[PDB]
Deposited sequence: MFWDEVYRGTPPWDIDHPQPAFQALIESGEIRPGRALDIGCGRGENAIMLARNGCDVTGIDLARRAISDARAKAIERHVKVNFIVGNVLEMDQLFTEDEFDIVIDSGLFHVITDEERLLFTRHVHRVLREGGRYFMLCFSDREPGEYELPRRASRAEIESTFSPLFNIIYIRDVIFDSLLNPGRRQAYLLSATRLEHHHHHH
(Lines of atoms letter the chains of each structure in order from A and count residues from 1; the text may use other names and numbers.)
(Lines give C-alpha, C1' and ligand atoms only; values in the text may rest on other atoms or scores of the structure.)
Protein backbone atom coordinates (compact mmCIF):
# COMPACT_ATOMS: atom_id res chain seq x y z
CA UNK A 1 0.00 0.00 0.00
CA UNK A 2 1.38 3.45 -0.95
CA UNK A 3 1.80 4.81 2.58
CA UNK A 4 3.61 1.65 3.67
CA UNK A 5 6.07 2.33 0.85
CA UNK A 6 6.71 5.92 1.87
CA UNK A 7 7.66 4.91 5.42
CA UNK A 8 10.24 2.45 4.15
CA UNK A 9 12.29 5.67 3.92
CA UNK A 10 12.33 9.19 5.32
CA UNK A 11 9.80 11.33 3.39
CA UNK A 12 10.46 15.08 3.23
CA UNK A 13 8.01 15.93 6.04
CA UNK A 14 9.61 13.40 8.41
CA UNK A 15 11.60 15.97 10.41
CA UNK A 16 13.21 15.22 13.78
CA UNK A 17 11.07 17.71 15.72
CA UNK A 18 7.45 18.85 15.88
CA UNK A 19 6.18 21.34 13.34
CA UNK A 20 6.84 24.88 14.66
CA UNK A 21 3.28 25.95 13.85
CA UNK A 22 1.90 23.37 16.28
CA UNK A 23 4.61 23.88 18.88
CA UNK A 24 3.97 27.63 18.82
CA UNK A 25 0.26 27.02 19.43
CA UNK A 26 1.20 25.13 22.59
CA UNK A 27 3.91 27.46 23.83
CA UNK A 28 1.74 30.57 23.41
CA UNK A 29 -1.20 29.06 25.27
CA UNK A 30 -3.45 29.36 22.23
CA UNK A 31 -4.11 25.64 22.79
CA UNK A 32 -5.09 24.57 26.30
CA UNK A 33 -4.10 20.99 27.19
CA UNK A 34 -6.89 18.51 26.62
CA UNK A 35 -7.91 15.33 24.86
CA UNK A 36 -6.21 15.46 21.46
CA UNK A 37 -6.27 13.41 18.26
CA UNK A 38 -3.47 13.62 15.69
CA UNK A 39 -4.92 12.36 12.39
CA UNK A 40 -2.37 10.97 9.95
CA UNK A 41 0.18 11.30 12.74
CA UNK A 42 3.09 9.73 10.83
CA UNK A 43 6.10 9.08 13.04
CA UNK A 44 4.53 10.92 15.95
CA UNK A 45 6.59 14.09 16.55
CA UNK A 46 3.58 16.41 16.88
CA UNK A 47 1.60 13.95 19.02
CA UNK A 48 4.54 13.44 21.39
CA UNK A 49 5.01 17.21 21.72
CA UNK A 50 1.32 17.58 22.57
CA UNK A 51 1.67 14.82 25.19
CA UNK A 52 4.77 16.39 26.76
CA UNK A 53 2.69 19.54 27.18
CA UNK A 54 -0.10 17.86 29.15
CA UNK A 55 -2.52 16.69 26.46
CA UNK A 56 -4.11 13.24 26.56
CA UNK A 57 -3.08 12.21 23.05
CA UNK A 58 -4.16 9.63 20.48
CA UNK A 59 -2.48 9.33 17.10
CA UNK A 60 -3.82 7.49 14.06
CA UNK A 61 -2.14 6.59 10.78
CA UNK A 62 -2.69 4.09 7.98
CA UNK A 63 0.97 2.96 7.94
CA UNK A 64 1.91 0.34 10.54
CA UNK A 65 5.61 1.21 10.22
CA UNK A 66 4.93 4.85 11.09
CA UNK A 67 2.83 3.83 14.11
CA UNK A 68 5.47 1.33 15.27
CA UNK A 69 8.23 3.94 14.95
CA UNK A 70 6.04 6.50 16.72
CA UNK A 71 5.61 4.07 19.63
CA UNK A 72 9.38 3.58 19.73
CA UNK A 73 9.89 7.36 20.00
CA UNK A 74 7.28 7.65 22.74
CA UNK A 75 9.05 4.96 24.72
CA UNK A 76 12.40 6.65 24.09
CA UNK A 77 11.04 9.98 25.34
CA UNK A 78 9.13 8.48 28.32
CA UNK A 79 5.77 9.84 27.13
CA UNK A 80 2.40 8.09 26.98
CA UNK A 81 0.53 8.34 23.68
CA UNK A 82 -1.99 5.96 22.16
CA UNK A 83 -0.61 5.36 18.66
CA UNK A 84 -2.90 3.15 16.57
CA UNK A 85 -3.08 1.88 13.01
CA UNK A 86 -6.29 3.06 11.40
CA UNK A 87 -8.12 4.93 8.65
CA UNK A 88 -9.43 8.46 9.31
CA UNK A 89 -12.30 7.62 6.94
CA UNK A 90 -13.34 4.79 9.31
CA UNK A 91 -13.17 6.66 12.61
CA UNK A 92 -16.80 5.87 13.35
CA UNK A 93 -15.38 2.44 14.20
CA UNK A 94 -12.67 3.80 16.51
CA UNK A 95 -13.84 6.94 18.34
CA UNK A 96 -17.10 8.41 19.60
CA UNK A 97 -18.59 11.63 18.48
CA UNK A 98 -17.82 14.69 20.60
CA UNK A 99 -14.72 12.99 21.98
CA UNK A 100 -11.76 15.31 21.31
CA UNK A 101 -10.92 18.79 22.58
CA UNK A 102 -8.22 19.09 19.91
CA UNK A 103 -7.74 17.52 16.49
CA UNK A 104 -4.47 18.29 14.75
CA UNK A 105 -3.91 17.57 11.09
CA UNK A 106 -0.31 18.00 9.90
CA UNK A 107 -0.41 17.31 6.18
CA UNK A 108 -3.24 14.74 6.13
CA UNK A 109 -5.98 16.90 4.58
CA UNK A 110 -3.47 17.76 1.84
CA UNK A 111 -3.42 14.13 0.62
CA UNK A 112 -7.11 13.22 0.98
CA UNK A 113 -8.51 12.47 -2.49
CA UNK A 114 -11.01 14.95 -3.86
CA UNK A 115 -13.68 12.24 -4.00
CA UNK A 116 -13.33 11.60 -0.26
CA UNK A 117 -12.92 15.20 0.92
CA UNK A 118 -16.52 15.60 2.05
CA UNK A 119 -16.47 12.28 3.91
CA UNK A 120 -13.20 13.40 5.55
CA UNK A 121 -14.71 16.62 6.91
CA UNK A 122 -17.71 14.69 8.27
CA UNK A 123 -15.49 12.24 10.18
CA UNK A 124 -13.39 15.07 11.66
CA UNK A 125 -16.51 17.06 12.58
CA UNK A 126 -18.00 13.96 14.20
CA UNK A 127 -15.18 13.30 16.68
CA UNK A 128 -14.55 16.95 17.63
CA UNK A 129 -16.30 18.25 20.74
CA UNK A 130 -18.65 21.22 20.54
CA UNK A 131 -16.31 24.16 20.90
CA UNK A 132 -13.24 22.02 20.32
CA UNK A 133 -10.48 23.07 17.95
CA UNK A 134 -9.41 21.56 14.63
CA UNK A 135 -5.95 22.74 13.49
CA UNK A 136 -4.95 21.87 9.92
CA UNK A 137 -1.50 22.64 8.53
CA UNK A 138 -0.92 22.41 4.77
CA UNK A 139 1.15 23.89 1.97
CA UNK A 140 0.21 27.33 0.61
CA UNK A 141 -1.38 30.62 -2.71
CA UNK A 142 -4.52 32.71 -3.16
CA UNK A 143 -6.66 29.77 -4.33
CA UNK A 144 -5.18 27.49 -1.67
CA UNK A 145 -6.88 29.71 0.92
CA UNK A 146 -10.16 29.74 -1.02
CA UNK A 147 -10.44 25.97 -1.23
CA UNK A 148 -9.64 25.49 2.47
CA UNK A 149 -12.48 27.93 3.17
CA UNK A 150 -14.91 26.23 0.78
CA UNK A 151 -14.02 22.76 2.04
CA UNK A 152 -14.48 23.42 5.75
CA UNK A 153 -16.94 26.32 6.05
CA UNK A 154 -20.14 24.20 5.63
CA UNK A 155 -19.39 22.07 8.70
CA UNK A 156 -16.96 24.21 10.71
CA UNK A 157 -16.85 27.73 12.06
CA UNK A 158 -13.59 28.94 10.54
CA UNK A 159 -11.63 30.89 13.14
CA UNK A 160 -8.70 31.84 10.93
CA UNK A 161 -6.40 30.79 8.13
CA UNK A 162 -2.87 31.97 8.94
CA UNK A 163 0.31 32.10 6.87
CA UNK A 164 2.95 30.09 8.74
CA UNK A 165 6.22 28.27 8.11
CA UNK A 166 6.63 24.52 7.65
CA UNK A 167 9.86 22.65 8.43
CA UNK A 168 10.86 19.93 5.98
CA UNK A 169 13.89 18.06 4.73
CA UNK A 170 13.70 19.76 1.31
CA UNK A 171 16.57 21.91 0.03
CA UNK A 172 14.98 25.25 0.95
CA UNK A 173 14.08 23.71 4.32
CA UNK A 174 11.51 26.15 5.69
CA UNK A 175 8.53 26.35 3.31
CA UNK A 176 5.32 28.38 3.14
CA UNK A 177 2.21 26.85 4.72
CA UNK A 178 -1.32 27.70 5.84
CA UNK A 179 -2.73 26.95 9.29
CA UNK A 180 -6.49 26.56 9.58
CA UNK A 181 -8.07 26.99 12.99
CA UNK A 182 -11.69 25.96 13.16
CA UNK A 183 -14.36 24.84 15.59
CA UNK A 184 -17.66 23.02 15.31
Non-modelled portions of the deposited polymer sequence, in sequence order: 141-150, 195-202
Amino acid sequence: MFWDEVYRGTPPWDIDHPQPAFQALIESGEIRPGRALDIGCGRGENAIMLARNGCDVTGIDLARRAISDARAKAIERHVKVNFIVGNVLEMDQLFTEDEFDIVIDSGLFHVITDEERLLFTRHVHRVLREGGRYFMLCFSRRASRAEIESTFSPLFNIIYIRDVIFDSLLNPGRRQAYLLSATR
From here on, numbers count along this sequence of modelled residues.
Mean C-alpha B-factor comparison - 142-150 and 62-70, higher one: 142-150
Between 99-107 and 76-84 (mean CA B-factor, as deposited), the higher: 76-84
Candidate set 38, 45, 56, 130 [ranked by C-alpha B-factor, highest]: 130
Record-listed C-alpha B factor of residue 126: chain third: middle
Cα B factor band for residue 119 (lowest, middle or highest third within the chain): middle
Residue 159, C-alpha B-factor rank within chain (lowest, middle or highest third): middle
Lowest, middle or highest third - CA B-factor, residue 1: highest
Within-chain third of residue 136 by Cα B-factor, per the entry: lowest
